[PDB]
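A short write-up of the structure that comes next.
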Amino acid sequence: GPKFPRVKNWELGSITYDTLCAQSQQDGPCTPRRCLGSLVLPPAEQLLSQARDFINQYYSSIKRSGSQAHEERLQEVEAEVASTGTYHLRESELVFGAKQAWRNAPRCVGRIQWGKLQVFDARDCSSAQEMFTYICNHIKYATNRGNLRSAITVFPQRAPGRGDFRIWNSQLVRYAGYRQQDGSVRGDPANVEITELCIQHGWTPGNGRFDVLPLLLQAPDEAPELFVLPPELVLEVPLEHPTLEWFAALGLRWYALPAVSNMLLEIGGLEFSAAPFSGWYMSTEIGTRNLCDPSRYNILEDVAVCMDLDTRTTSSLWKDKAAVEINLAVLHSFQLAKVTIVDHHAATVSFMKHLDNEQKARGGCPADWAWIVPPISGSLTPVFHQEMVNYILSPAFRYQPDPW
Amino acid sequence: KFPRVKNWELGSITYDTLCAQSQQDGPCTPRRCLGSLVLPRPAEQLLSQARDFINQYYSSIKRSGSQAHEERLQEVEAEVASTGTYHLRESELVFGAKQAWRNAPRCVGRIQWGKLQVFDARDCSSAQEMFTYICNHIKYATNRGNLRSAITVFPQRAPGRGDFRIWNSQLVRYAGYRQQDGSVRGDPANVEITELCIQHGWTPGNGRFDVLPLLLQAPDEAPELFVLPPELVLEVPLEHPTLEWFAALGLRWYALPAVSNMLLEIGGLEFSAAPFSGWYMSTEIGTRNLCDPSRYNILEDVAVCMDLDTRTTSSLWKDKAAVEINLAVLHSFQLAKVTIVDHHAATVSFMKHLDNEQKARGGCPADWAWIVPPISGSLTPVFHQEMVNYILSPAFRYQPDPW
Ligand code: HEM
Ligand code: HEM
Ligand SMILES: Cc1cc(N)nc(CCc2cc(N)cc(CCc3cc(C)cc(N)n3)c2)c1
Ligand SMILES: Cc1cc(N)nc(CCc2cc(N)cc(CCc3cc(C)cc(N)n3)c2)c1
Ligand SMILES: C[C@H](O)[C@H](O)[C@H]1CNc2nc(N)[nH]c(=O)c2N1
Ligand SMILES: C[C@H](O)[C@H](O)[C@H]1CNc2nc(N)[nH]c(=O)c2N1
Ligand SMILES: [Zn+2]
């Protein structure tokens, strides 16, 4: 057979061969001795070439490969890199390659949509204030009354030893997390450290489970500045359950927009550091991950007592039963504010459609199985049975250090 | 070089040095990770797998150096040098077997690995004699419901010449009878094997749940058809503790999960037939068997009596249902007094078995994707617990079907 990896789909029994990975100019975390798939955290020469690389990708997506437009941009960068030691992205490239990056992140079921993404250029940005309105612009656009829209705003790149452009928070939207004199945490304990940095960087706090965090921002070299969001700007959703009348009463809630912010966008060698993006939620992130992880909000037990469930015993499956209902109330509450959501089946079925598109076009789709298969009802979704190949294609997103 | 392994529910942080023992390659490389792939694609080396293994033994009982070791390591050299091969003393096989369960990185029940019972069938020379070993093994392991972990090990693998093979994949299995309409009565992933039993002379039922007979193959024999004494096998009828109407579905399942097709590799040697059984963790029954689309696929059915909008995915019927299937699997076995374990209890204990190896062998390999239950995955601590996968020895391989 072919010498590239073979890829069976145990539901449909169908095979594909991933010829894409042949281009992963970037090593992972596995030796042939062992596999670290599970594992969550894992100067001229090499720039010139990483850049050359992306340009070639670019001209290929506009089908002009090998043509003079091409060898002329290649020499427009050689010029640039040689005599100054960087270069800049013609807007339209930044757009293509900001897509390429979403399309390339092997941990994201959301990709059918990859080609539908609004890139806003924010490369002119020159301050912590300017920064902010850019973001509010982003949020308004992409929240869009409730009819959510994939968006990414891109602030300036790394420069040779010049300050980096950082959004300090991980999301544009987090809830506060307040450490008790107990040892419990009031709010979302996900982000305590940051709730901390907030106060002792100027913020007068709140007293609530869902206190909407204000934004730590930071321009090159300048000290980190602290901006708060317009409240009528920040669309949340009260939660309720179609049938269980008492759910609405638990007083729970999430917020429309899922906006990642703490992550480095890497294109053709250049570094974006502050380039936050946001789509819409899949119902399991809210109702399983954020609301049910015990190292988070962890309601669950709570909901299952009102459920009338036998928790003394593990095997009554109260842990599961309850969580189903949670998600459903996550779903129903969203469906009902006319806000954009998408259940885990719905998402997976379309991610599968995606895999097939990528197949015809690029010859595979990098995937981090553990992350693609939803946190509940794994085996009931189609992806569960698709073997996946993971690898690192560039342009991509990188995890990056916290700025402190 | 040595893998740091953090848990994310507790911030535990640990280091696996037991991986450095791995001696055989996985499909992963630095370029591209294929962790999620189901299955893979002279005589002086046999000799060094022997020492390596034999060491594992005397070393295991704290003797590695003193007489017996030194002596018994030379029986081996003596034997290999002049037969191309050797044979395992029995108490050693019982070490090999125990170890290879402990080793296999896909197994969530490994905490039990000490409590295994090992039948030596090395002396078997016919599919008659085999049938016994099997009938006897099932009678032991079913134990009226108090299921006991047990392997049985048929003859090893003579260089040029056939293999002892069980043709079934499990012991107890359900007949899957194809209809013309591309329709399939019974268990669809047994469709092939049924017609083999057929073509080799068996009389079919045409009930949904019909225990398939056994094709046993001694070397270079056309396999022979043997039928499981109706009650050596224990089934559980399925009811739901609160959903009165359920059991009128007629659905049921056998108590013994027993692997009939994997190659027990011990210290060089290959035991091409070495069935083993312990006990079911329920999600295998409810979640794979009963609901997998490629199978008995009753998800829709259950939902519709449950009285739920199939129309849309956003009503979450499939999961709602699934939990009740699963709940019926748990009740019924506890009612029929038949050892079973829920993904929770199990994964919880697996975690502990992880901490045991950690302070024991200094590590342990698990296959995250396989060790994490199919439903409600993140509601188990295995989910948040980074694992390393690597190939130790002794251990179980897969093997090509004897056709
Ligand atoms: C359009 C709707 C989208 C959906 C439904 C979606 C869904 C998801 C989900 C469920 C995950 C797994 C994360 C977890 O549960 O921990 C994920 C990962 C990810 N997605 Fe999306 N996503 C969407 C849009 C986007 C957009 C616009 C981008 C960026 C352009 C994006 C990039 C990523 C990245 C970079 C990760 C993993 C990065 C990390 O490890 O932090 N997704 N996505
Ligand atoms: C005693 C109670 C046991 C429990 C609860 C248990 C649980 C499991 C489960 C759920 C699987 C995964 C199969 C699937 O997800 O479809 C598995 C895999 C496996 N287990 Fe166990 N197991 C037990 C005993 C044993 C025993 C006694 C052995 C052999 C000595 C064994 C060896 C294996 C092997 C070799 C695999 C994976 C190989 C394959 O791909 O089929 N397990 N275990
Ligand atoms: C300790 C730690 C640090 C760190 N940086 N990341 C993690 C992993 C968890 C995670 C963290 C963030 N900020 C975002 C997501 C995707 C959420 C998402 C994004 C988008 C764009 C859409 C969507 N539906 N969901 C997952 C752990
Ligand atoms: C090559 C190949 C062929 C084939 N037909 N199927 C596979 C898939 C893997 C698999 C195969 C079998 N027979 C049994 C299990 C559950 C195993 C199990 C055993 C015990 C003892 C307990 C438990 N809970 N689960 C898993 C691979
Ligand atoms: C330990 C485990 O590998 C890790 O927590 C991963 C597994 N799968 C995931 N899947 C999603 N969607 N999101 C996550 O944060 C994780 N976490
Ligand atoms: C493609 C994937 O690796 C394969 O389907 C695995 C994943 N997880 C599983 N989990 C369980 N419990 N059983 C299985 O057979 C599998 N199969
Ligand atoms: Zn790997």
Filter pass, A:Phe132 being surrounded by 13 or more Cβ atoms within 10 Å (Cβ to Cβ) and in a strand (DSSP E or B): no
Failed item, numbered, when B:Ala104 is tested on (1) over 18 Å from the mean Cα position of the chain (by Cα); (2) not assigned by CATH to the domain that holds B:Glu221: (1)
Counted residues, segment A:359-369 - those being more than 10 Å from every other protein chain (Cβ to nearest Cβ) and either crowded, with 20+ Cβ neighbours inside 10 Å or outside any helix (DSSP H, G or I) (or both): 2
Any hit, segment B:370-382, residues being within 9 Å of chain A (Cβ to nearest Cβ) and surrounded by fewer than 18 Cβ atoms within 10 Å (Cβ to Cβ): no
Selection within segment B:254-284 - within 16 Å of ligand 6 (Cβ to nearest atom) and among the aromatic types (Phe, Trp, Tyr): B:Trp279, B:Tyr280
From the options B:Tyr398, B:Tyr296, residue that is more than 23 Å from B:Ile151 (Cβ to Cβ), away from every other protein chain (no Cβ under 12 Å) and hydroxyl-bearing (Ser, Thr, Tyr): B:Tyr296
Residue in segment A:347-358 that is nearest to the other protein chains (Cβ to nearest Cβ), counting only those that are more than 17 Å from the chain's Cα centre (by Cα) and hydrophobic (A, V, I, L, M, F, W, C): A:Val349
Pairs with Cβ under 8 Å, 6+ apart, first in segment A:139-154 and among the aromatic types (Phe, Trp, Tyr), second surrounded by 15 or more Cβ atoms within 10 Å (Cβ to Cβ): A:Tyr141/A:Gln118; A:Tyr141/A:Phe120; A:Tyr141/A:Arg149; A:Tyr141/A:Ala151
Residue count for segment B:326-346, restricted to those that are surrounded by 18 or more Cβ atoms within 10 Å (Cβ to Cβ), closer than 17 Å to B:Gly109 by Cα and more than 10 Å from chain A (Cβ to nearest Cβ): 1
Matching residues in segment A:35-52 - criterion: being more than 16 Å from ligand 1 (Cβ to nearest atom) and under 30 Å from B:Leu18 (Cα atoms): A:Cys35
Segment B:254-279, subset of a type in the set (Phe, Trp, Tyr) and crowded, with 24+ Cβ neighbours inside 10 Å, residue farthest from B:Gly377 (Cα to Cα): B:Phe271
Among residues of segment B:383-393, those that are among the hydroxyl-bearing types (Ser, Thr, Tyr) and more than 9 Å from chain A (Cβ to nearest Cβ), counted: 1
Residue tally, condition under 20 Å from A:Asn56 (Cβ atoms) and in contact with a strand residue (DSSP E or B) (Cβ under 9 Å, 6 or more places away or on another chain), over segment A:256-270: 3
Any hit, segment A:53-74, residues being outside any helix (DSSP H, G or I), closer than 28 Å to A:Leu264 by Cβ and in contact with a strand residue (DSSP E or B) (Cβ under 9 Å, 6 or more places away or on another chain): no
Complete set of residues in segment A:1-52 that are more than 24 Å from the chain's Cα centre (by Cα), among the aliphatic types (A, V, I, L, M) and not in a helix (DSSP H, G or I): A:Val7, A:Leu12, A:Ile15, A:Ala44
Selected residue [away from ligand 6 (no atom under 16 Å from the Cβ), β-branched (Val, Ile, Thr), within 24 Å of the chain's Cα centre (by Cα) and farther than 18 Å from A:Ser150 by Cβ] from A:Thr86, A:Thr133: A:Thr133
Pick from segment A:372-383, criterion within 13 Å of ligand 5 (Cβ to nearest atom) and assigned to a helix (DSSP H, G or I), ranking: farthest from A:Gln359 (Cα to Cα): A:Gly378
Complete set of residues in segment B:17-74 that are aliphatic (A, V, I, L, M) and more than 14 Å from chain A (Cβ to nearest Cβ): B:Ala43, B:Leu46, B:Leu47, B:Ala50, B:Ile54, B:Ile61, B:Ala68, B:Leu73
Of all residues making up segment B:221-244, the number that are within 19 Å of B:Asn261 (Cβ to Cβ) and assigned to a loop (DSSP other than H, G, I, E, B): 5
Residue in segment B:335-352 that is within 14 Å of ligand 4 (Cβ to nearest atom), touching a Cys at 6+ places or on another chain (Cβ under 9 Å) and assigned to a loop (DSSP other than H, G, I, E, B) present: no
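What is reported rests on the model, the rules as stated and the sources as named; these are not laboratory values. So basically every Cβ, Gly included, is an ideal-geometry build from the backbone, and we count neighbours across all protein chains shown.
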